[PDB]
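Okay, so here's the structure we're looking at.
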Amino acid sequence: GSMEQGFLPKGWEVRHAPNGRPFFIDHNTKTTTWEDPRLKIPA
């Protein structure tokens with residue numbers, strides 16, 4: 001369904017770095033940071 005279509009807020013995307021850690025990028029304002037929106041955003 002649409003669960004795999006939206007893990008993060010609209011515009012946000014998770015990417016894995018060589019070290020194996022996931023960083024999150026906001027395509028909206030082009031903001032990239034190390035956080036876990038899933039632990040804060042109750043979607």
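Using θ = phi - 60° in the Karplus curve 6.51 cos²θ - 1.76 cosθ + 1.60, the 3J(HN,Hα) couplings for segment 2-11 round to 10, 6, 7, 8, x, 8, 10, x, 4, x Hz; x is entered for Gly and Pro. So for the chain, averaging the separation of alpha carbon pairs under 8 Å that are six or more residues apart and normalising by length, what relative contact order in percent results? Relative contact order of the chain: 28 percent.
If I take all pairs of Cα atoms in the chain, what percentage of them are more than 12 Å from each other? Tail fraction, whole percent: 62.
Throughout, read-outs are computed from the coordinates displayed, never taken from laboratory work.
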